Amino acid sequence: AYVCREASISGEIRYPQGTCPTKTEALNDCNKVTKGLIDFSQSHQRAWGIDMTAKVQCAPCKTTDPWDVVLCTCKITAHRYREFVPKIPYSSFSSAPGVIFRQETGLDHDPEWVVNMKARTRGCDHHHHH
């Protein structure tokens, strides 16, 4: 009888010195995270649901500079995230498989689930036809 919410988590993925990923590659890595969190959610009473989708945003590469480190920002959104279930800290999944994004340059707290209060509540289970 519970209702769920949309929630997001953002994190940073850094690429090797002197390299430059395609946008497709960056999003692909970011979807490894997505897949990671789905497995963790799944083996934790579906705290976050199974419906997750990722977008990513990178800094331009510096074709001139040979040291440049490309910082990608990876944003995962859980569409059926459980507010009533206690929040799960980054400390509990920073090492889970696929979970390769880290704390963001410039920020002083770690990546964290942020519930979107503006968005409407939805059911926690997805009905394909109902």
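Residue positions are given as counts along the sequence shown, with the first one as 1.
Participant: Please compare 91-99 with 55-63 and say which has the higher mean C-alpha temperature factor in the record.
Facilitator: According to the entry, 55-63 carries the higher average C-alpha B-factor.
Participant: On average, which has the higher Cα B-factor in the deposited entry, 79-87 or 64-72?
Facilitator: Mean CA B-factor is higher for 64-72.
Participant: Considering every modelled residue of the chain and its Cα B-factor in the PDB entry, is residue 114 in the lowest, middle or highest third?
Facilitator: Its C-alpha B-factor, which the entry lists for residue 114, ranks in the lowest third among residues of this chain.
Participant: Would you mind checking where the Cα B-factor of residue 44 ranks among the modelled residues of its chain, as the lowest, middle or highest third?
Facilitator: It belongs to the lowest third of the chain when residues are ordered by C-alpha B-factor.
Participant: Residue 13: which third of its chain by C-alpha temperature factor?
Facilitator: For residue 13, whose C-alpha B-factor we compare with every modelled residue in the chain, the answer is the middle third.
Participant: Classify residue 105 as lowest, middle or highest third according to the C-alpha B-factor given in the PDB entry, relative to its own chain.
Facilitator: For residue 105, whose C-alpha B-factor we compare with every modelled residue in the chain, the answer is the highest third.
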